[PDB]
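Structure at a glance
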Amino acid sequence: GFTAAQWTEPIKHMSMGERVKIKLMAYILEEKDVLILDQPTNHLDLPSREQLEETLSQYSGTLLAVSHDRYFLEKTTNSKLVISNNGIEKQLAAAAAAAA
Amino acid sequence: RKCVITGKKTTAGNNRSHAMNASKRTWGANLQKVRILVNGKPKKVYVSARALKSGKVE
Amino acid sequence: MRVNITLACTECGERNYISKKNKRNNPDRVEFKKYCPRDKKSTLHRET
Amino acid sequence: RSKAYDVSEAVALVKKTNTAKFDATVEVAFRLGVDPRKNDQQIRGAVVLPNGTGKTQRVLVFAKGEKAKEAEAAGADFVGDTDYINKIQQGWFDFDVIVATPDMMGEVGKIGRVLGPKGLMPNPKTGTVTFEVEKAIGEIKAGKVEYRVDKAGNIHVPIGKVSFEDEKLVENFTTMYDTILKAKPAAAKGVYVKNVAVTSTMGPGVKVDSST
Amino acid sequence: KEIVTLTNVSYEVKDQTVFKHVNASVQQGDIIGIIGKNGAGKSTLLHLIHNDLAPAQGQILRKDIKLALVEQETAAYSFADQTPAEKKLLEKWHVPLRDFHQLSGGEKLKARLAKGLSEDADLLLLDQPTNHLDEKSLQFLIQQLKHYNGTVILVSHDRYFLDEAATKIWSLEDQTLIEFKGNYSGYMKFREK
RNA sequence: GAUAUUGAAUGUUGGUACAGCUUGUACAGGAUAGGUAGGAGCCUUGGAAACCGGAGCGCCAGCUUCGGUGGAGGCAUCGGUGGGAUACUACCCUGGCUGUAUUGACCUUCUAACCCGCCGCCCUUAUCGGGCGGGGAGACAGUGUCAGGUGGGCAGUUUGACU
RNA sequence: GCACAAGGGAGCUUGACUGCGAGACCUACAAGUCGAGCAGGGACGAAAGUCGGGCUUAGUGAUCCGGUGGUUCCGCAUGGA
Ligand SMILES: Nc1ncnc2c1ncn2[C@@H]1O[C@H](COP(=O)(O)OP(=O)(O)OP(=O)(O)O)[C@@H](O)[C@H]1O
Ligand SMILES: Nc1ncnc2c1ncn2[C@@H]1O[C@H](COP(=O)(O)OP(=O)(O)OP(=O)(O)O)[C@@H](O)[C@H]1O
């Protein structure tokens, strides 16, 4: 999952384009059954965020995926929370223009 | 083949390649046959292209 | 791997010495105090 | 406008570039050939005009200690009670020119940008912050104006009036151009001269020669 | 003309040789993009050209001194709110100034990249400007960099950001830089070929 | 392929040498303030408020120019804002059009160089060549130097020792 | 060959020094090996002393041609190059 023979580096003498990866391994090694991804896809790589785009679709639910990308969430969205003026908007579709 | 104005003709030297292999090679005159009055008449002789630039009357 | 090492001076800047070291067991630039015959004393040297 | 006029013609012609009703001021623009992004190629020096500018100044000083005692006789309007920046706070119609001395400059400076976007902040790069306050009042009223360049490398200089005679602005532009030649920094890349625009206040510019 | 040249530039740390036999050129307004696997010297190269890190081998020659370094995690970034062209950036993007520690992660790169664009720079050495940005700010980047004073060198990890905002690519790979001019979409067409 | 024989025009996209000048707003605001310096007034019968039309940008708020109806009105400090004041001076190269001179490249087209193992006439009873007159190709081709590729078609050679 | 450690620990360290080197072994040559001691500067030790790599013997190659560094060297008349 992207490491060289780097078993012992200090983990923010690491690369810092790892250390998102360290968090990630520490999650996905242990089947924690609930994840919340407060912006994962930005430090990662085009071969790295892609497999997280893929496997999180085959993930067994209860995911809270904050992502400022528009194309990452196209594999990891069923419902949306559009935070807006005066609090949340719990959307289940696009929910624009007030369907009539 | 020599130029009629000056004594400029084909010489010979070496084709020195890489590894300094000395092949044997010739060196021609840029001559360019034109019509000039070498006598009182024009005769259409060989000239040279060194001697043709601005010097000799066409 | 094992690398040839020159050890240039600091008081004189002169090279004066060679020994070998690892790039893995000694990844940092190594320094010792040796004898500088231009400086005629013990002087801290420096891999260059 | 295709022709570059001479110095002896443009002084007599910026007489004729007075259009409005006030007795106008002839000023000079000069395009520099230095890099304004670098702080090393920075021309910032001022000099006295031998025939003056034609305008009344009001210089207020920040003299400290004994230096106020020679500041009240040279011609300054108001010196101060050693601190009137509190009077500067919430008010302070500034008038013409602010100079200071190299002791309280730091203290006045730590007050903020009440002088930043107003162009009067004391800075010893301009010869305005010194121990000679008596010699500093007397040369600014009769000549010297604080001169520094913009963020694109240009200097503005008031050399005088419309009503000056033809032999006044020639020495004024000669003195300022010779000053620009002595104020040339090091590592100047290429051609130093780009443009001289001699103009009046109400009229366009005339691009003229530098050395005639 | 070029401005910065690189020749056989290498780097040594305690993994292995990150980086070797590196020949590249920065020019007068090129939009150069670093791509590469993370950990492959993607931003160690930026500290080599900044002279933030001294390279073990190879010669790095530069001409113009101004090196704007905008990295990841600058970790209680300063509040020298000076040279107010920064505040134009700080107010198009809709970011308040008031704190640093209580801000979200989203605002802080937009308040660091703000100070970085406007100190003065004819050369940008920036790590990742496309982390926690929305599209109204991601689109604002490309209108900055197209309408920009000089050369930009960025480490994107985006096929999105480089279809618009690239002229060269300095792809880091198996310890070797290779450069390709023109786009990123045709770049992988070039690599696969 | 370049260059020399080998020049005559018409467009083209870059760049200079001389030249035109326009483009400029996060919010607060009466608005579109790029900043450094002077600044309490300037513009007007060689035309102001207003209407209208169009080149032009625009982050569509409102600006910019020019021309046409109009008839003595605009506009500035100060008033307010906010980080900073509106009447000239320059620039900033962010974002255009037009002309002069060359610069590089490309497309056409011309003809006078070159070429014609094309025709006719003469030298001349000559399938040579060469003078003239047409025709065709035509800055190409050919040819000279320089260069890269290709090149057993040819050439000199090498192709070890112990055993 | 070694248990007086050459085998094991820990502290402190850079002698894995510079200029050498009487005299030897080895050997066709080119080379190779050992070297007390002297001086300069050190390390450890209270001192005596020991230290010019490792327990000895392997871990490597001539010249030519180029590179780098330094030098009271030369430098095609002179000063430089
Ligand atoms: N300071 C360091 N010291 C030792 N090893 C390092 C250091 N920095 C990085 N490394 C190793 O080299 C790898 C590459 O680091 P580099 O400097 O390329 O960051 P980067 O990969 O460019 O940043 P990103 O991961 O966002 O691309 C690191 O992941 C780490 O394994
Ligand atoms: N403790 C706090 N004090 C003051 N302001 C806060 C605090 N927490 C959040 N905010 C403000 O809330 C705004 C939005 O922050 P939020 O927590 O939504 O992160 P965000 O906007 O998604 O940014 P990012 O995407 O970088 O996380 C920010 O402008 C921030 O200043």
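Deposited coordinates in this entry are attributed by the record to cryo-EM, at a stated resolution of 3.5 Å.

Here we take up the site of ligand 1. Around ligand 1, 15 residues are found, and the nearest of them are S15(A), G39(E), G41(E), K42(E) and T44(E). Residues near ligand 1 are shared among chains A and E, making this a multi-chain site. One of the side-chain N or O atoms of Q6(A) is found 2.8 Å from an oxygen atom in ligand 1. For ligand 1, an oxygen atom lies 2.3 Å from a polar atom in the backbone of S43(E). Protein chains bury 82% of the 610 Å² of accessible surface belonging to ligand 1 in isolation. Its residues placed into classes, the shell around ligand 1 shows three nonpolar, 10 polar and two charged.

Around ligand 2 sit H68(A), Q102(E), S104(E), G105(E), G106(E) and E107(E), and those are all the residues in its vicinity. Each of chains A and E places residues next to ligand 2. For ligand 2, a nitrogen atom lies 2.7 Å from a polar atom in the side chain of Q102(E). The separation between an oxygen atom of ligand 2 and a polar side-chain atom of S104(E) is 2.4 Å.

Moving on: the side chain of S171(E). Residues and elements named next belong to chain E. One can find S171 in strand β10 (residues 168-172). Polar contacts involving the side chain of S171 include one to the main-chain carbonyl oxygen of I178, which spans 3.0 Å. At 2.8 Å, the side chain of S171 and the side chain of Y187 are in polar contact. Excluding anything up to four places from it in sequence, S171 contacts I35, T176, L177, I178, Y187 and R191.

Contact with chain E, which involves 18 residues of that partner, is made by 20 residues of chain A. Where chain E abuts chain A, roughly 1500 Å² becomes buried across the two surfaces, and 50% of that area is made up of carbon and sulfur atoms. Residue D45(A) pairs with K37(E) through a salt bridge whose shortest N-O separation is 2.6 Å. Counting the contacts that link chain E with chain A gives seven residue pairs in polar contact.

Taken together, the neighbourhood of RNA strand F is formed by 48 residues, with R25(B), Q32(B), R31(D), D150(D) and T201(D) sitting nearest. Here a phosphate oxygen of RNA strand F and a side-chain polar atom of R25(B) are 2.4 Å apart. Between RNA strand F and the protein, one listed contact pairs a sugar or linking oxygen with a backbone N or O atom of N30(B) at 3.5 Å. Elements supplying a minimum of two residues to the surface near RNA strand F: β2 (22-27) of chain B, β1 (25-32), β4 (154-161) and β5 (193-199) of chain D together with α2 (85-92) of chain E. A per-element tally of the surface near RNA strand F places α2(E) first, with four residues. Classifying every residue of the surface near RNA strand F gives 14 nonpolar, 16 polar and 18 charged.

All right, on to a positive patch on the surface then. Residues and elements named next belong to chain B. Taken together, the side chains of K33, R35, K41, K43 and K44 present a region of like positive charge at the surface. Considering the arrangement of structural elements, one finds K41 in the segment after β2. For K41, a relative accessible area of 46% gives the class partly exposed.

Here we come to the protein's contact with RNA strand G. All names here are of chain C. As a matter of local geometry, RNA strand G sits amid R15, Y17, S19, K20, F32, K33, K34, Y35, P37, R38, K41 and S42. The contact in question runs from a sugar or linking oxygen of RNA strand G to an N or O atom on the side chain of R15, over 3.2 Å. Note that a sugar or linking oxygen of RNA strand G is positioned 3.2 Å from one of the side-chain N or O atoms of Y35. Elements that contribute at least two residues to the surface near RNA strand G include exactly β2 (18-22), β3 (33-36) and β4 (41-47). By residue number, the principal contributor to the surface near RNA strand G is β3, which donates three residues. The class makeup of the residues in the surface near RNA strand G is four nonpolar, two polar and six charged.

This paragraph deals with a nonpolar patch on the surface. Together, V34(A), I36(A) and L64(A) make up a nonpolar patch on the protein surface, roughly 280 Å² of accessible area in all. Within the secondary structure, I36(A) is located in strand β1 (residues 35-38).

There are three pairs of chains in contact here, and the one with the most contacts is chains A and E. With no contact between them, chain A and chain D keep their nearest C-alpha atoms 34 Å apart.

This brings us to the pairing of strand β11 (residues 177-181) of chain E. Residue and element names in this part refer to chain E. In this structure, β10 lies alongside β11, joined through five bridges in antiparallel fashion. Its bridge partner being in β11, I169 is matched across the sheet by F180. The turn joining β10 and β11, which pair antiparallel and follow one another in sequence, is formed by four residues; a positive phi near 65 degrees is taken by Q175.

Residue and element names in this part refer to chain E. Read from one edge of the open sheet, three strands run β4-β1-β6, paired in antiparallel fashion. Strands with a single pairing partner mark the edges of an open sheet, and in this sheet they are β4 (24-27) and β6 (59-62). Geometrically, the sheet is characterised by an average inter-axis angle of 10 degrees between neighbouring strands, direction not taken into account.

This part covers the nonpolar core. Counting 31 residues, the largest nonpolar core has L113(E), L124(E), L126(E) and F161(E) as the members making the most contacts within it. What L124(E) contacts, discounting residues up to four positions off in sequence, is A68(E), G116(E), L117(E), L145(E), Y148(E), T151(E), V152(E) and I153(E). Core analysis: the next-biggest nonpolar cluster, separate from the first, contains 27 residues, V26(D), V162(D), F173(D) and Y192(D) among them.

A surface patch of negative charge is lined by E66(D), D81(D), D83(D), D103(D) and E107(D). Mapped onto the elements, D83(D) comes out in the loop between β2 (59-60) and α2 (85-88).

Here we take up the pairing of β3(C). Residue and element names in this part refer to chain C. Direction of pairing for β3 relative to β4: antiparallel, over a ladder of four bridges. Counterpart to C36 in the pairing with β4 is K41. Where β3 folds back on β4, the antiparallel hairpin that results is connected by four residues, among which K40 adopts a positive phi of roughly 55 degrees.

About the cut-offs
- Residues numbered from 1 in each chain as written, not as in the entry; some residues may be left out.
- Chains lettered and ligands numbered in written order.
- Part of a larger assembly, values for the part shown.
- Heavy atoms only, no water.
- Near = heavy atom within 4 Å.
- Polar contact = N/O pair within 3.5 Å; in protein donor to acceptor, adjacent residues only side chain to side chain.
- Areas by Shrake-Rupley, 256 points an atom, 1.4 Å probe, with all protein chains shown as cover.
- Nonpolar A, V, L, I, M, F, W, Y, C, P; charged D, E, K, R; others polar.
- Helix = DSSP H or I, 4+ residues; strand = E, 2+ residues; numbered from the N terminus.
- Contact = heavy atoms within 4.5 Å.
- Buried area = accessible area lost by both parts, 1.4 Å probe.
- Salt bridge = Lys/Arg side-chain N within 4 Å of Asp/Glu carboxyl O.
- Patch = residues over 30% accessible without salt bridge, like charges linked within 9 Å, V, L, I, M, F, W, Y side chains within 5 Å.
- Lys, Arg positive; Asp, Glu negative; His and termini not counted.
- Charge placed at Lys NZ, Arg CZ, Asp CG, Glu CD.
- Buried < 20%, exposed > 50% of the residue type's maximum accessible area, 1.4 Å probe, protein only.
- Pairing = 2+ DSSP bridges.
- Axes fitted to C-alpha atoms, helices over the stretch in contact; angles between N-to-C directions.
- Core = buried A, V, L, I, M, F, W, Y, C linked by side-chain atoms within 4.5 Å.

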